[PDB]
Amino acid sequence: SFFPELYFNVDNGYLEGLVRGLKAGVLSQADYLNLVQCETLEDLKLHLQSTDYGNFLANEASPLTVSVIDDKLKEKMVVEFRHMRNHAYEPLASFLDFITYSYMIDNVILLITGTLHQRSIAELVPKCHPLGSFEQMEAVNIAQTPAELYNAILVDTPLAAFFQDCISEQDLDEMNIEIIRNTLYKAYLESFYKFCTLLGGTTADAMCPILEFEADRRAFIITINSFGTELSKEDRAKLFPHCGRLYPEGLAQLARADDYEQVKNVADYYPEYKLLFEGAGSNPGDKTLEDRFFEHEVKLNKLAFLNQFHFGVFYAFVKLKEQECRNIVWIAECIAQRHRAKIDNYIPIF
Amino acid sequence: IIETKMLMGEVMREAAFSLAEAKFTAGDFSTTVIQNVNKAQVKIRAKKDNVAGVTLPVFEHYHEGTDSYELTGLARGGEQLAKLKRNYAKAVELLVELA
Amino acid sequence: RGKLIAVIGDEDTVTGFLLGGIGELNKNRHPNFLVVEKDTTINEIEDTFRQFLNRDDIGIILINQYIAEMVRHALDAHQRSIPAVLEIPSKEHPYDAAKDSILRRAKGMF
């Protein structure tokens, strides 16, 4: 674009090359045919050792399990992301901090209600999802005091700014944990969108549409889901993110929605995701609606990869790598289950 | 006994399949659901049967009706979760019968 | 209405059943289940089974077949009707028909 190239390359050549190469570092489709063709866990180890992945089952349990496959995929992901985030710079470092803050709020909601209930905090440490870090103190050994964690997490933990909405220590008990997580997800997401818009380059250009898509899709799925729960339509509109094309129009019809057909009509207002609707076969041995959503994510990830002077390439690599781990562990799951009629719930990425 | 056992087998297989699909959907809801254990919505009622001069222990599947723990935060997997709420519930009923 | 179903199983079973609402914490904040994996030991399984036996509010036990294999002697020795112990096999592995505590009682059968 106008500002980058002369200034992008100087401090982004390494990371651009790294994301390109690590896109190339995913398992080839020939490797995938090796994966499906063994139908055994020992041979699964054998030929995953022979690809980019693998050679990581050393010092592990002789009875290879699917959970070990999940752990190794996630360890590869977190290793690659610690590699990328270790080398960064205030704009892009901040970008990757946003990329991580979603999992931060997830793990942080895992930590909360481990201390409102009388449970150990060392108990909580090994169960955190990777990337969690949490090397910051005042949140550990809190003596089971809600106010201690409240102040610990307003003061010390980096994402304290979003908890200005989650205050008063009353929501901890009177209100659901999940609804709190949803408010924080919304507030964080809109803050991230505003940060993206502040950086008004091709970063904004490539990140606006995908954030609008994420807001639109999450409003779509949540509206589908809550037809069997206790929630009113105004408290409903309260927690839909503002950063979406729906806020201009489409969110109102979702608020008016009460069943599958009104949300179908909402999808029909916009041809881009109507197509994602009619791919919701949900057949035993094929893909489902969520898989078509992930597929559209993959397409937008490729579109981000096409451009080269922005920062959505790394977010694209996030979503693709998550899909890839979902595929490999799922293949391991169906290998252990021995049910080959049902291996088809994974989306190859590259 | 054996007919109940075979129906048992196919039902549990189907239900734990729906569990695998939910794990694909929401990722790691296992941790939060094990985290959330305060009250149950189903109990067992011990009643008697005098099929003969002997007294026979027998059980019934009572439903207390306590609110279940709806989960929606993890990518809004509730569509898989309700499917599970049915698949495992049928299994539980058949368990009580078998016991 | 009287008693509380209890389950010991791997992560899959306990997750799926806590989804079904099978689970309770007593007034002492103690569960009616035990998540067991490669890190859980046989003696702990037997001790927790006896802990369940000590409780007067159980009725039913739900043992995964691996767990039953692990503590076979404890299960067989406990020839009591008060725990109506039911065997159930795991996800990824074949159904457990042999070594059933009741099929041995029958003789004119498969």
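What the table below lists for this structure:
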quantity: Tally of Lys pairs whose C-alpha atoms are under 24 Å apart, taken over chain C, 8 or more apart or cross-chain; calculated: 5
quantity: In region C:1-101, the trypsin sites (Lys or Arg not before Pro) that fall in loop regions by DSSP, at most 12 other Cβ within 10 Å; calculated: C:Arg1, C:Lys27, C:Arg29, C:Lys38, C:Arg80
quantity: Long-range amide H partners of C:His93 with built H, under 5 Å; calculated: none
quantity: Violating pairs (Cα-Cα greater than 26 angstrom) within the set A:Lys23/A:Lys74; A:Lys264/B:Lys39; A:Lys74/A:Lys342; A:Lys319/B:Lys90; calculated: A:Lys264/B:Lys39; A:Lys319/B:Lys90
quantity: Selection of chymotrypsin sites (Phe, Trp or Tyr not before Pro), region A:8-110, meeting DSSP coil and at most 16 other Cβ within 10 Å; calculated: A:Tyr89
quantity: Potential extension, A:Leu231-A:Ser168 segment - 0.36 nm per residue separation minus Cα distance; calculated: 20.4 nm
quantity: ³J(HN,Hα), Karplus 6.51/-1.76/1.60, whole Hz, each residue of region C:66-79, x for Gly, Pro; calculated: 4, 4, 4, 4, 5, 10, 3, 5, 5, 5, 5, 4, 7, 8
quantity: Difference of contour (0.36 nm per residue) and Cα-Cα distance, C:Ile42 to C:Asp100; calculated: 18.9 nm
quantity: Amide hydrogen neighbours beyond the local backbone of B:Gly73, cut-off 5 Å, H modeled; calculated: none
quantity: 3J(HN,Hα) from dihedral phi, region C:100-105, Karplus parametrisation 6.51/-1.76/1.60, rounded to Hz, x for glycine, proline; calculated: 7, 4, 9, 5, 5, 4
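No lab work stands behind these numbers, since they all come straight from the coordinates. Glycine gets a Cβ as well: all are built from the backbone with ideal geometry, and neighbour counts include every protein chain shown.
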